[PDB]
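Here is the structure we will look at, set down as structure tokens.
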Amino acid sequence: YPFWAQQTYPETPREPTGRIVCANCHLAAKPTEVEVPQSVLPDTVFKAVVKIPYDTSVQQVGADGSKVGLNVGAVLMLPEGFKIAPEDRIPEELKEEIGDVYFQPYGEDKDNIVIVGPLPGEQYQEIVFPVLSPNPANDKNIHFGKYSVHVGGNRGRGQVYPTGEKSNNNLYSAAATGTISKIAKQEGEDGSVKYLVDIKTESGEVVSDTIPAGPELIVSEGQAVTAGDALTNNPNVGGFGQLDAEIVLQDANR
Amino acid sequence: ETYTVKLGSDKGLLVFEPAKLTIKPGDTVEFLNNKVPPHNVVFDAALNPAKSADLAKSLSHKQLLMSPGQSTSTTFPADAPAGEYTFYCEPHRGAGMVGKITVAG
Ligand code: HEC
Ligand SMILES: [Cu+2]
């Protein structure tokens, strides 16, 4: 979710590698688009439209094991001075395009970074962010010049939680080499508890990895397995993307 | 009965005021997404006397309520004695957005 990124990276959402912290947990990579006007005049509202497309027929494993469609979210990074446009300045044509989303600043201080999500993807594959352009006359540090605009766009569930635990939308590798001595899908309440054991014949040791509900196996009993091998398919059908656009704050005169 | 829990006291903060709603065995109270959203609440099968979700499950809600200005309702059975049926604002769980429905007994 954006909210975890807010809670534990307020001043480092664009890591110095140029990668966005979403990547840390939303591991798979999928494309994100962003159109932005070529240029804008001081103190005017414009739209940075972001797209986060994906084959909508797909379905993902929900937290509980059942399969459900995807949700979408994003982070848009603007230069200092630029910020969410207020309601009075958003005209009605633009107002209906934004539907009823609720942009939050990444941090009360970071007005120039603006987030949204989770929201259903069917409705919000594309998102229209109003943005008020700043004014150099009323802001010395800002100037008439080119400027970068980075963006992050996510779809579907990620693989790792802030605590480092895995989620059930990911690959459960083996934690062991060995042969498999027993298997049993069982039913619990929301979904299956998969049970199994491995005999590290090499080190004379037994372990019992556990696999949550939702994935489905590749391996079978009696098959030799290597440490780190894929026990399940990878069920992740979503991912993360990022890009940047340039915008020219333009002098009214030339 | 259906009372309104303003999930982040509208012109105040991300809190659940007045935190200790002493309802009666049934009360169809709603959770209202007013600002900085969404607010969904699972029910304490952990923090309460009858920490038994199976009682209804509908009790324990959850999954991003993208309802800009709208509420969802949680009803009980009548078979609800001395119960502190505590509720969870999921994406906010800790920032004073937790409530304790207290069905008298
Ligand atoms: C440290 C963890 C972490 C970071 C960082 C993170 N996410 Fe997530 N995200 C997750 C996990 C795990 C889930 C699955 C949660 C669940 O079980 O419902 C998720 C789910 C989501 C969802 C909901 C998908 C769905 O269909 O339910 C969206 C959208 C999303 N993240 C967007 C973002 C964006 C955009 C950012 C940052 C600007 C971000 N996330 C950063 C971990 C993260
Ligand atoms: Cu909340």
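Naming works like this for the structure tokens: A, B, ... for the chains as they're shown, residue 1 at the start of each chain, ligands 1 onward in shown order.
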(message) Select, as a ChimeraX atom specification, those residues of chain B with any atom no more than 9 Å from chain A (distances computed using only C-alpha atoms).
(response) /B:35-38,64,66-68,91-92
Output file for the selection above: N, CA, C and O atoms, as a PDB file, in the first residue's frame:
```pdb
ATOM      1  N   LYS B  35     -12.659  11.335   5.873  1.00  0.00           N
ATOM      2  CA  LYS B  35     -11.418  11.939   5.262  1.00  0.00           C
ATOM      3  C   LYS B  35     -10.282  10.883   5.271  1.00  0.00           C
ATOM      4  O   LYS B  35     -10.537   9.727   5.548  1.00  0.00           O
ATOM      5  N   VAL B  36      -9.075  11.304   4.977  1.00  0.00           N
ATOM      6  CA  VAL B  36      -7.865  10.384   4.951  1.00  0.00           C
ATOM      7  C   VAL B  36      -8.140   8.835   4.989  1.00  0.00           C
ATOM      8  O   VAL B  36      -7.886   8.149   5.963  1.00  0.00           O
ATOM      9  N   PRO B  37      -8.666   8.341   3.886  1.00  0.00           N
ATOM     10  CA  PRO B  37      -9.297   6.992   3.795  1.00  0.00           C
ATOM     11  C   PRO B  37      -8.362   5.876   3.209  1.00  0.00           C
ATOM     12  O   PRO B  37      -7.238   6.145   2.826  1.00  0.00           O
ATOM     13  N   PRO B  38      -8.837   4.651   3.152  1.00  0.00           N
ATOM     14  CA  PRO B  38     -10.136   4.154   3.726  1.00  0.00           C
ATOM     15  C   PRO B  38     -10.049   3.571   5.166  1.00  0.00           C
ATOM     16  O   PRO B  38      -8.991   3.286   5.690  1.00  0.00           O
ATOM     17  N   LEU B  64     -10.167  -2.128   2.630  1.00  0.00           N
ATOM     18  CA  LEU B  64     -10.241  -0.732   2.062  1.00  0.00           C
ATOM     19  C   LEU B  64     -11.626  -0.108   1.627  1.00  0.00           C
ATOM     20  O   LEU B  64     -12.042  -0.120   0.482  1.00  0.00           O
ATOM     21  N   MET B  66     -13.399   2.270   0.203  1.00  0.00           N
ATOM     22  CA  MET B  66     -13.260   3.472  -0.701  1.00  0.00           C
ATOM     23  C   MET B  66     -14.647   4.132  -0.966  1.00  0.00           C
ATOM     24  O   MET B  66     -15.185   4.251  -2.046  1.00  0.00           O
ATOM     25  N   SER B  67     -15.161   4.555   0.131  1.00  0.00           N
ATOM     26  CA  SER B  67     -16.490   5.243   0.281  1.00  0.00           C
ATOM     27  C   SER B  67     -16.375   6.731   0.706  1.00  0.00           C
ATOM     28  O   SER B  67     -16.792   7.073   1.794  1.00  0.00           O
ATOM     29  N   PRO B  68     -15.825   7.586  -0.130  1.00  0.00           N
ATOM     30  CA  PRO B  68     -15.614   9.043   0.205  1.00  0.00           C
ATOM     31  C   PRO B  68     -16.889   9.785   0.720  1.00  0.00           C
ATOM     32  O   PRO B  68     -17.565  10.466  -0.025  1.00  0.00           O
ATOM     33  N   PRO B  91      -5.924  -0.120   7.590  1.00  0.00           N
ATOM     34  CA  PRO B  91      -4.747   0.695   7.106  1.00  0.00           C
ATOM     35  C   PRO B  91      -4.247   1.799   8.093  1.00  0.00           C
ATOM     36  O   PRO B  91      -3.277   2.487   7.854  1.00  0.00           O
ATOM     37  N   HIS B  92      -4.942   1.934   9.184  1.00  0.00           N
ATOM     38  CA  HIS B  92      -4.623   2.945  10.261  1.00  0.00           C
ATOM     39  C   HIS B  92      -4.347   2.299  11.663  1.00  0.00           C
ATOM     40  O   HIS B  92      -3.855   2.943  12.569  1.00  0.00           O
TER      41      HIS B  92
END
```
(request) May I have the residues within 9 Å of residue 41 (chain B) as an NGL selection string, using only C-alpha atoms and disregarding those fewer than 5 positions away in the same chain? (result) :B and (31 or 59-63 or 86-90 or 93 or 98)
Within 9 Å of ligand 1, counting only C-alpha atoms and all ligand atoms: which residues, as a PDB file with N, CA, C and O atoms, in the first residue's frame?
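Output file result_31.pdb follows:
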```
ATOM      1  N   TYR A   1       0.827  -1.199   0.000  1.00  0.00           N
ATOM      2  CA  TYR A   1       0.000   0.000   0.000  1.00  0.00           C
ATOM      3  C   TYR A   1       0.860   1.246   0.000  1.00  0.00           C
ATOM      4  O   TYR A   1       1.962   1.143   0.515  1.00  0.00           O
ATOM      5  N   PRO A   2       0.431   2.431  -0.508  1.00  0.00           N
ATOM      6  CA  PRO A   2       1.209   3.637  -0.262  1.00  0.00           C
ATOM      7  C   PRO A   2       1.492   3.867   1.205  1.00  0.00           C
ATOM      8  O   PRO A   2       2.564   4.344   1.540  1.00  0.00           O
ATOM      9  N   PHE A   3       0.518   3.554   2.090  1.00  0.00           N
ATOM     10  CA  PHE A   3       0.651   3.925   3.497  1.00  0.00           C
ATOM     11  C   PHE A   3       1.867   3.309   4.149  1.00  0.00           C
ATOM     12  O   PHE A   3       2.490   3.991   4.946  1.00  0.00           O
ATOM     13  N   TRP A   4       2.253   2.049   3.847  1.00  0.00           N
ATOM     14  CA  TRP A   4       3.496   1.534   4.425  1.00  0.00           C
ATOM     15  C   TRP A   4       4.656   2.363   3.935  1.00  0.00           C
ATOM     16  O   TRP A   4       5.480   2.765   4.742  1.00  0.00           O
ATOM     17  N   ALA A   5       4.736   2.637   2.616  1.00  0.00           N
ATOM     18  CA  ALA A   5       5.844   3.455   2.127  1.00  0.00           C
ATOM     19  C   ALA A   5       5.894   4.766   2.883  1.00  0.00           C
ATOM     20  O   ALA A   5       6.976   5.194   3.256  1.00  0.00           O
ATOM     21  N   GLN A   6       4.732   5.411   3.139  1.00  0.00           N
ATOM     22  CA  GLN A   6       4.737   6.640   3.933  1.00  0.00           C
ATOM     23  C   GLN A   6       5.297   6.353   5.308  1.00  0.00           C
ATOM     24  O   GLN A   6       6.188   7.063   5.747  1.00  0.00           O
ATOM     25  N   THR A   8       7.393   4.339   6.622  1.00  0.00           N
ATOM     26  CA  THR A   8       8.807   4.045   6.871  1.00  0.00           C
ATOM     27  C   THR A   8       9.749   4.491   5.770  1.00  0.00           C
ATOM     28  O   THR A   8      10.858   3.982   5.723  1.00  0.00           O
ATOM     29  N   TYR A   9       9.384   5.473   4.907  1.00  0.00           N
ATOM     30  CA  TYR A   9      10.402   6.138   4.086  1.00  0.00           C
ATOM     31  C   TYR A   9      10.001   7.577   3.795  1.00  0.00           C
ATOM     32  O   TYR A   9       9.992   7.922   2.624  1.00  0.00           O
ATOM     33  N   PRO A  13      11.486   8.102  -0.797  1.00  0.00           N
ATOM     34  CA  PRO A  13      10.674   7.249  -1.651  1.00  0.00           C
ATOM     35  C   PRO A  13      11.384   7.016  -2.968  1.00  0.00           C
ATOM     36  O   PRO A  13      11.167   5.956  -3.527  1.00  0.00           O
ATOM     37  N   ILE A  20      12.029   3.268  -7.007  1.00  0.00           N
ATOM     38  CA  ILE A  20      11.045   3.775  -6.051  1.00  0.00           C
ATOM     39  C   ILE A  20      10.789   2.679  -5.036  1.00  0.00           C
ATOM     40  O   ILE A  20      10.834   1.521  -5.416  1.00  0.00           O
ATOM     41  N   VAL A  21      10.561   3.013  -3.739  1.00  0.00           N
ATOM     42  CA  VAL A  21      10.553   1.980  -2.695  1.00  0.00           C
ATOM     43  C   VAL A  21       9.518   0.902  -2.946  1.00  0.00           C
ATOM     44  O   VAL A  21       9.753  -0.219  -2.526  1.00  0.00           O
ATOM     45  N   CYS A  22       8.387   1.199  -3.626  1.00  0.00           N
ATOM     46  CA  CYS A  22       7.429   0.155  -3.999  1.00  0.00           C
ATOM     47  C   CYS A  22       8.158  -1.087  -4.461  1.00  0.00           C
ATOM     48  O   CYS A  22       7.816  -2.177  -4.032  1.00  0.00           O
ATOM     49  N   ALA A  23       9.169  -0.908  -5.346  1.00  0.00           N
ATOM     50  CA  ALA A  23       9.893  -2.052  -5.895  1.00  0.00           C
ATOM     51  C   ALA A  23      10.344  -2.989  -4.796  1.00  0.00           C
ATOM     52  O   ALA A  23      10.226  -4.191  -4.971  1.00  0.00           O
ATOM     53  N   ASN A  24      10.855  -2.444  -3.668  1.00  0.00           N
ATOM     54  CA  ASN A  24      11.338  -3.284  -2.569  1.00  0.00           C
ATOM     55  C   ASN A  24      10.414  -4.449  -2.287  1.00  0.00           C
ATOM     56  O   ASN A  24      10.910  -5.545  -2.077  1.00  0.00           O
ATOM     57  N   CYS A  25       9.079  -4.216  -2.267  1.00  0.00           N
ATOM     58  CA  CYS A  25       8.120  -5.271  -1.918  1.00  0.00           C
ATOM     59  C   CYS A  25       7.294  -5.714  -3.105  1.00  0.00           C
ATOM     60  O   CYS A  25       7.147  -6.910  -3.299  1.00  0.00           O
ATOM     61  N   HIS A  26       6.745  -4.784  -3.917  1.00  0.00           N
ATOM     62  CA  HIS A  26       6.087  -5.195  -5.156  1.00  0.00           C
ATOM     63  C   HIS A  26       7.204  -5.602  -6.096  1.00  0.00           C
ATOM     64  O   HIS A  26       7.772  -4.737  -6.742  1.00  0.00           O
ATOM     65  N   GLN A  60      -6.111 -12.381  -9.018  1.00  0.00           N
ATOM     66  CA  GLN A  60      -4.970 -12.579  -8.123  1.00  0.00           C
ATOM     67  C   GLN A  60      -5.427 -13.331  -6.902  1.00  0.00           C
ATOM     68  O   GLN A  60      -6.624 -13.385  -6.676  1.00  0.00           O
ATOM     69  N   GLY A  62      -6.296 -13.391  -3.197  1.00  0.00           N
ATOM     70  CA  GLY A  62      -6.500 -12.371  -2.171  1.00  0.00           C
ATOM     71  C   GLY A  62      -5.717 -12.737  -0.933  1.00  0.00           C
ATOM     72  O   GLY A  62      -5.074 -13.771  -0.915  1.00  0.00           O
ATOM     73  N   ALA A  63      -5.751 -11.922   0.141  1.00  0.00           N
ATOM     74  CA  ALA A  63      -5.048 -12.328   1.357  1.00  0.00           C
ATOM     75  C   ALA A  63      -5.582 -13.652   1.866  1.00  0.00           C
ATOM     76  O   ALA A  63      -4.798 -14.442   2.371  1.00  0.00           O
ATOM     77  N   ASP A  64      -6.908 -13.910   1.753  1.00  0.00           N
ATOM     78  CA  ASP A  64      -7.491 -15.112   2.356  1.00  0.00           C
ATOM     79  C   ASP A  64      -7.382 -16.372   1.522  1.00  0.00           C
ATOM     80  O   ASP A  64      -7.801 -17.401   2.033  1.00  0.00           O
ATOM     81  N   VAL A  68      -9.497 -12.903  -6.563  1.00  0.00           N
ATOM     82  CA  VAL A  68     -10.296 -11.681  -6.694  1.00  0.00           C
ATOM     83  C   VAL A  68      -9.607 -10.765  -7.687  1.00  0.00           C
ATOM     84  O   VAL A  68      -8.428 -10.973  -7.920  1.00  0.00           O
ATOM     85  N   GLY A  69     -10.287  -9.758  -8.287  1.00  0.00           N
ATOM     86  CA  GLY A  69      -9.588  -8.816  -9.166  1.00  0.00           C
ATOM     87  C   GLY A  69      -8.543  -8.005  -8.432  1.00  0.00           C
ATOM     88  O   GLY A  69      -8.316  -8.249  -7.257  1.00  0.00           O
ATOM     89  N   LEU A  70      -7.885  -7.045  -9.131  1.00  0.00           N
ATOM     90  CA  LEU A  70      -6.767  -6.301  -8.542  1.00  0.00           C
ATOM     91  C   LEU A  70      -7.199  -4.914  -8.114  1.00  0.00           C
ATOM     92  O   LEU A  70      -8.219  -4.442  -8.591  1.00  0.00           O
ATOM     93  N   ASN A  71      -6.397  -4.257  -7.237  1.00  0.00           N
ATOM     94  CA  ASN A  71      -6.579  -2.837  -6.931  1.00  0.00           C
ATOM     95  C   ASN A  71      -5.341  -2.124  -7.424  1.00  0.00           C
ATOM     96  O   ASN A  71      -4.386  -2.794  -7.786  1.00  0.00           O
ATOM     97  N   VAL A  72      -5.357  -0.773  -7.453  1.00  0.00           N
ATOM     98  CA  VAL A  72      -4.262   0.003  -8.026  1.00  0.00           C
ATOM     99  C   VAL A  72      -3.888   1.129  -7.087  1.00  0.00           C
ATOM    100  O   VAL A  72      -4.742   1.588  -6.347  1.00  0.00           O
ATOM    101  N   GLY A  73      -2.613   1.590  -7.128  1.00  0.00           N
ATOM    102  CA  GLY A  73      -2.210   2.753  -6.343  1.00  0.00           C
ATOM    103  C   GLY A  73      -0.996   3.379  -6.976  1.00  0.00           C
ATOM    104  O   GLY A  73      -0.508   2.822  -7.948  1.00  0.00           O
ATOM    105  N   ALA A  74      -0.493   4.523  -6.460  1.00  0.00           N
ATOM    106  CA  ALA A  74       0.622   5.180  -7.135  1.00  0.00           C
ATOM    107  C   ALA A  74       1.296   6.227  -6.281  1.00  0.00           C
ATOM    108  O   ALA A  74       0.760   6.586  -5.244  1.00  0.00           O
ATOM    109  N   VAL A  75       2.468   6.721  -6.748  1.00  0.00           N
ATOM    110  CA  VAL A  75       3.132   7.862  -6.122  1.00  0.00           C
ATOM    111  C   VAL A  75       3.536   8.783  -7.248  1.00  0.00           C
ATOM    112  O   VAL A  75       4.065   8.267  -8.218  1.00  0.00           O
ATOM    113  N   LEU A  76       3.299  10.114  -7.155  1.00  0.00           N
ATOM    114  CA  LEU A  76       3.683  11.025  -8.233  1.00  0.00           C
ATOM    115  C   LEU A  76       4.601  12.043  -7.600  1.00  0.00           C
ATOM    116  O   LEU A  76       4.216  12.593  -6.580  1.00  0.00           O
ATOM    117  N   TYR A 106       2.490  12.860   0.521  1.00  0.00           N
ATOM    118  CA  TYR A 106       3.269  11.747   1.075  1.00  0.00           C
ATOM    119  C   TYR A 106       3.537  12.024   2.537  1.00  0.00           C
ATOM    120  O   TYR A 106       3.481  11.116   3.352  1.00  0.00           O
ATOM    121  N   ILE A 115       0.075  10.960  -3.290  1.00  0.00           N
ATOM    122  CA  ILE A 115      -0.147   9.517  -3.453  1.00  0.00           C
ATOM    123  C   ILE A 115      -1.626   9.251  -3.581  1.00  0.00           C
ATOM    124  O   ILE A 115      -2.417  10.127  -3.271  1.00  0.00           O
ATOM    125  N   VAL A 116      -1.992   8.020  -4.008  1.00  0.00           N
ATOM    126  CA  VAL A 116      -3.396   7.621  -4.040  1.00  0.00           C
ATOM    127  C   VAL A 116      -3.445   6.109  -4.043  1.00  0.00           C
ATOM    128  O   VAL A 116      -2.504   5.523  -4.556  1.00  0.00           O
ATOM    129  N   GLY A 117      -4.495   5.467  -3.479  1.00  0.00           N
ATOM    130  CA  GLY A 117      -4.557   4.007  -3.463  1.00  0.00           C
ATOM    131  C   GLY A 117      -4.748   3.510  -2.051  1.00  0.00           C
ATOM    132  O   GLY A 117      -4.432   4.262  -1.141  1.00  0.00           O
ATOM    133  N   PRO A 118      -5.224   2.262  -1.809  1.00  0.00           N
ATOM    134  CA  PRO A 118      -5.618   1.364  -2.885  1.00  0.00           C
ATOM    135  C   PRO A 118      -6.989   1.728  -3.414  1.00  0.00           C
ATOM    136  O   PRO A 118      -7.832   2.128  -2.626  1.00  0.00           O
ATOM    137  N   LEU A 119      -7.222   1.590  -4.741  1.00  0.00           N
ATOM    138  CA  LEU A 119      -8.542   1.836  -5.329  1.00  0.00           C
ATOM    139  C   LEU A 119      -8.807   0.748  -6.349  1.00  0.00           C
ATOM    140  O   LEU A 119      -7.821   0.246  -6.862  1.00  0.00           O
ATOM    141  N   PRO A 120     -10.048   0.332  -6.707  1.00  0.00           N
ATOM    142  CA  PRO A 120     -10.190  -0.761  -7.663  1.00  0.00           C
ATOM    143  C   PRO A 120      -9.546  -0.419  -8.988  1.00  0.00           C
ATOM    144  O   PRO A 120      -9.576   0.739  -9.373  1.00  0.00           O
ATOM    145  N   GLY A 121      -8.943  -1.408  -9.691  1.00  0.00           N
ATOM    146  CA  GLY A 121      -8.238  -1.109 -10.937  1.00  0.00           C
ATOM    147  C   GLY A 121      -9.212  -0.971 -12.080  1.00  0.00           C
ATOM    148  O   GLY A 121      -9.016  -0.089 -12.901  1.00  0.00           O
ATOM    149  N   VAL A 151       7.365   8.972 -11.451  1.00  0.00           N
ATOM    150  CA  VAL A 151       6.083   8.403 -11.040  1.00  0.00           C
ATOM    151  C   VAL A 151       6.248   6.943 -10.694  1.00  0.00           C
ATOM    152  O   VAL A 151       7.138   6.322 -11.252  1.00  0.00           O
ATOM    153  N   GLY A 152       5.393   6.392  -9.801  1.00  0.00           N
ATOM    154  CA  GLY A 152       5.376   4.958  -9.538  1.00  0.00           C
ATOM    155  C   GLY A 152       3.948   4.495  -9.696  1.00  0.00           C
ATOM    156  O   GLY A 152       3.082   5.230  -9.249  1.00  0.00           O
ATOM    157  N   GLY A 153       3.674   3.315 -10.304  1.00  0.00           N
ATOM    158  CA  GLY A 153       2.296   2.856 -10.477  1.00  0.00           C
ATOM    159  C   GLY A 153       2.219   1.384 -10.141  1.00  0.00           C
ATOM    160  O   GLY A 153       2.889   0.625 -10.824  1.00  0.00           O
ATOM    161  N   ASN A 154       1.434   0.969  -9.112  1.00  0.00           N
ATOM    162  CA  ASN A 154       1.366  -0.442  -8.726  1.00  0.00           C
ATOM    163  C   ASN A 154       0.033  -1.049  -9.096  1.00  0.00           C
ATOM    164  O   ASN A 154      -0.934  -0.311  -9.196  1.00  0.00           O
ATOM    165  N   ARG A 155      -0.023  -2.395  -9.260  1.00  0.00           N
ATOM    166  CA  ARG A 155      -1.296  -3.091  -9.433  1.00  0.00           C
ATOM    167  C   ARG A 155      -1.204  -4.416  -8.701  1.00  0.00           C
ATOM    168  O   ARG A 155      -0.155  -5.038  -8.771  1.00  0.00           O
ATOM    169  N   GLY A 156      -2.267  -4.866  -7.998  1.00  0.00           N
ATOM    170  CA  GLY A 156      -2.237  -6.189  -7.379  1.00  0.00           C
ATOM    171  C   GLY A 156      -1.393  -6.262  -6.130  1.00  0.00           C
ATOM    172  O   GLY A 156      -0.767  -5.277  -5.768  1.00  0.00           O
ATOM    173  N   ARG A 157      -1.398  -7.440  -5.457  1.00  0.00           N
ATOM    174  CA  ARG A 157      -0.769  -7.562  -4.143  1.00  0.00           C
ATOM    175  C   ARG A 157       0.726  -7.728  -4.257  1.00  0.00           C
ATOM    176  O   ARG A 157       1.195  -8.288  -5.236  1.00  0.00           O
ATOM    177  N   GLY A 158       1.474  -7.231  -3.242  1.00  0.00           N
ATOM    178  CA  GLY A 158       2.925  -7.339  -3.236  1.00  0.00           C
ATOM    179  C   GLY A 158       3.330  -8.633  -2.592  1.00  0.00           C
ATOM    180  O   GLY A 158       2.472  -9.413  -2.210  1.00  0.00           O
ATOM    181  N   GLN A 159       4.659  -8.857  -2.499  1.00  0.00           N
ATOM    182  CA  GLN A 159       5.174 -10.139  -2.023  1.00  0.00           C
ATOM    183  C   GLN A 159       5.631 -10.071  -0.578  1.00  0.00           C
ATOM    184  O   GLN A 159       5.600 -11.120   0.046  1.00  0.00           O
ATOM    185  N   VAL A 160       6.068  -8.904  -0.029  1.00  0.00           N
ATOM    186  CA  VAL A 160       6.664  -8.870   1.312  1.00  0.00           C
ATOM    187  C   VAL A 160       6.039  -7.779   2.169  1.00  0.00           C
ATOM    188  O   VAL A 160       5.748  -6.724   1.630  1.00  0.00           O
ATOM    189  N   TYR A 161       5.832  -8.008   3.492  1.00  0.00           N
ATOM    190  CA  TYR A 161       5.222  -6.998   4.372  1.00  0.00           C
ATOM    191  C   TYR A 161       6.289  -6.100   4.966  1.00  0.00           C
ATOM    192  O   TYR A 161       7.437  -6.502   4.894  1.00  0.00           O
ATOM    193  N   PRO A 162       6.021  -4.912   5.578  1.00  0.00           N
ATOM    194  CA  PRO A 162       7.096  -4.173   6.240  1.00  0.00           C
ATOM    195  C   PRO A 162       7.872  -4.976   7.261  1.00  0.00           C
ATOM    196  O   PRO A 162       9.039  -4.669   7.453  1.00  0.00           O
ATOM    197  N   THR A 163       7.281  -5.998   7.921  1.00  0.00           N
ATOM    198  CA  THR A 163       8.053  -6.788   8.881  1.00  0.00           C
ATOM    199  C   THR A 163       9.002  -7.752   8.199  1.00  0.00           C
ATOM    200  O   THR A 163       9.753  -8.396   8.915  1.00  0.00           O
ATOM    201  N   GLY A 164       9.006  -7.888   6.850  1.00  0.00           N
ATOM    202  CA  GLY A 164       9.880  -8.862   6.200  1.00  0.00           C
ATOM    203  C   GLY A 164       9.183 -10.187   5.988  1.00  0.00           C
ATOM    204  O   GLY A 164       9.768 -11.031   5.328  1.00  0.00           O
ATOM    205  N   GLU A 165       7.956 -10.411   6.519  1.00  0.00           N
ATOM    206  CA  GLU A 165       7.298 -11.699   6.303  1.00  0.00           C
ATOM    207  C   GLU A 165       6.850 -11.784   4.863  1.00  0.00           C
ATOM    208  O   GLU A 165       6.596 -10.744   4.276  1.00  0.00           O
ATOM    209  N   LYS A 166       6.733 -13.005   4.289  1.00  0.00           N
ATOM    210  CA  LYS A 166       6.197 -13.133   2.935  1.00  0.00           C
ATOM    211  C   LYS A 166       4.690 -13.054   3.000  1.00  0.00           C
ATOM    212  O   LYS A 166       4.142 -13.235   4.076  1.00  0.00           O
ATOM    213  N   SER A 167       4.019 -12.803   1.848  1.00  0.00           N
ATOM    214  CA  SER A 167       2.558 -12.855   1.785  1.00  0.00           C
ATOM    215  C   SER A 167       2.169 -14.051   0.950  1.00  0.00           C
ATOM    216  O   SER A 167       3.066 -14.674   0.405  1.00  0.00           O
ATOM    217  N   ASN A 168       0.862 -14.392   0.822  1.00  0.00           N
ATOM    218  CA  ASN A 168       0.471 -15.532  -0.011  1.00  0.00           C
ATOM    219  C   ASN A 168       0.227 -15.130  -1.451  1.00  0.00           C
ATOM    220  O   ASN A 168      -0.620 -15.739  -2.085  1.00  0.00           O
ATOM    221  N   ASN A 169       0.972 -14.132  -1.988  1.00  0.00           N
ATOM    222  CA  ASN A 169       0.912 -13.812  -3.414  1.00  0.00           C
ATOM    223  C   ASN A 169       2.329 -13.930  -3.923  1.00  0.00           C
ATOM    224  O   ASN A 169       2.835 -12.991  -4.520  1.00  0.00           O
ATOM    225  N   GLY A 238       0.338  -9.413 -10.713  1.00  0.00           N
ATOM    226  CA  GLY A 238       0.406  -7.955 -10.776  1.00  0.00           C
ATOM    227  C   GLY A 238       1.854  -7.542 -10.778  1.00  0.00           C
ATOM    228  O   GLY A 238       2.688  -8.366 -11.119  1.00  0.00           O
ATOM    229  N   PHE A 240       4.906  -3.809 -10.530  1.00  0.00           N
ATOM    230  CA  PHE A 240       5.137  -2.384 -10.306  1.00  0.00           C
ATOM    231  C   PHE A 240       5.843  -1.781 -11.492  1.00  0.00           C
ATOM    232  O   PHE A 240       6.586  -2.493 -12.145  1.00  0.00           O
TER     233      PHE A 240
ATOM    234  N   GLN B  63     -11.015  -4.660   4.373  1.00  0.00           N
ATOM    235  CA  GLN B  63     -10.659  -4.484   2.911  1.00  0.00           C
ATOM    236  C   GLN B  63     -10.895  -3.115   2.202  1.00  0.00           C
ATOM    237  O   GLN B  63     -11.716  -2.986   1.314  1.00  0.00           O
ATOM    238  N   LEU B  64     -10.167  -2.128   2.630  1.00  0.00           N
ATOM    239  CA  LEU B  64     -10.241  -0.732   2.062  1.00  0.00           C
ATOM    240  C   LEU B  64     -11.626  -0.108   1.627  1.00  0.00           C
ATOM    241  O   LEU B  64     -12.042  -0.120   0.482  1.00  0.00           O
TER     242      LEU B  64
END
```
(message) Report as JSON, numbers by chain all protein, DNA and RNA residues lying within 7 Å of residue 74 (chain B), evaluated on only C-alpha atoms, omitting residues in the same chain fewer than 3 positions from it.
(response) {"B": [28, 29, 30, 58, 59]}
(message) Neighbouring residues of residue 7 (chain B) were defined as those with any atom within 7 Å, considering only C-alpha atoms; residues of the same chain fewer than 4 positions away were excluded. Please report them as a PyMOL selection string.
(response) chain B and resi 14-16+31-34+39
Any chance you could export the current selection's N, CA, C and O atoms as a compact mmCIF listing (two decimals), in the first residue's frame?
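Dumped everything to again-v7.txt:
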```
# COMPACT_ATOMS: atom_id res chain seq x y z
N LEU B 14 -7.33 11.52 12.88
CA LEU B 14 -7.61 10.11 12.44
C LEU B 14 -8.08 9.22 13.64
O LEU B 14 -7.62 8.11 13.82
N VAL B 15 -8.99 9.71 14.43
CA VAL B 15 -9.49 8.94 15.61
C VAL B 15 -10.97 8.46 15.61
O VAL B 15 -11.82 8.87 14.85
N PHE B 16 -11.19 7.56 16.53
CA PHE B 16 -12.53 6.92 16.77
C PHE B 16 -13.28 7.50 18.01
O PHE B 16 -13.35 6.89 19.06
N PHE B 31 -19.72 2.51 10.29
CA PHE B 31 -18.31 3.01 10.24
C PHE B 31 -18.30 3.97 9.01
O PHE B 31 -18.46 3.50 7.90
N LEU B 32 -18.11 5.24 9.27
CA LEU B 32 -18.09 6.33 8.22
C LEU B 32 -16.73 6.90 7.71
O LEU B 32 -15.99 7.58 8.40
N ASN B 33 -16.46 6.63 6.46
CA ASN B 33 -15.19 7.11 5.79
C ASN B 33 -15.30 8.63 5.46
O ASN B 33 -15.66 9.02 4.37
N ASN B 34 -14.99 9.44 6.44
CA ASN B 34 -15.05 10.93 6.28
C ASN B 34 -13.87 11.66 5.55
O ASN B 34 -14.13 12.54 4.74
N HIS B 39 -11.18 3.42 5.79
CA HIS B 39 -11.24 2.87 7.19
C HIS B 39 -12.04 1.52 7.40
O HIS B 39 -13.21 1.59 7.72
```
(message) Report as a VMD selection string all protein, DNA and RNA residues lying within 12 Å of residue 77 (chain B), evaluated on only C-alpha atoms, omitting residues in the same chain fewer than 4 positions from it.
(response) chain B and resid 24 to 28 54 to 59 81 83 103
(request) Give the strand (DSSP E or B) residues of region 19-253 of chain A, as DSSP finds them on the backbone, and put them as a PyMOL selection string. (result) chain A and resi 20+29+33-35+39-40+45-51+60-61+67-68+71-77+83+104-105+113-120+126-132+146-155+160+166+173+178-187+192-200+205-207+210-211+217+224-225+230+232+239-249
(message) Env of residue 51 (chain A): 9 Å cut, atoms = only C-alpha atoms, seq-sep filter 4 positions within chain, self excluded. Answer as a PyMOL selection string.
(response) chain A and resi 31-35+124-128+153
(message) Can you measure CA of residue 173 (chain A) to CA of residue 231 (chain A) for me? One decimal in Å is fine.
(response)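 CA of residue 173 (chain A) sits 5.5 Å away from CA of residue 231 (chain A).
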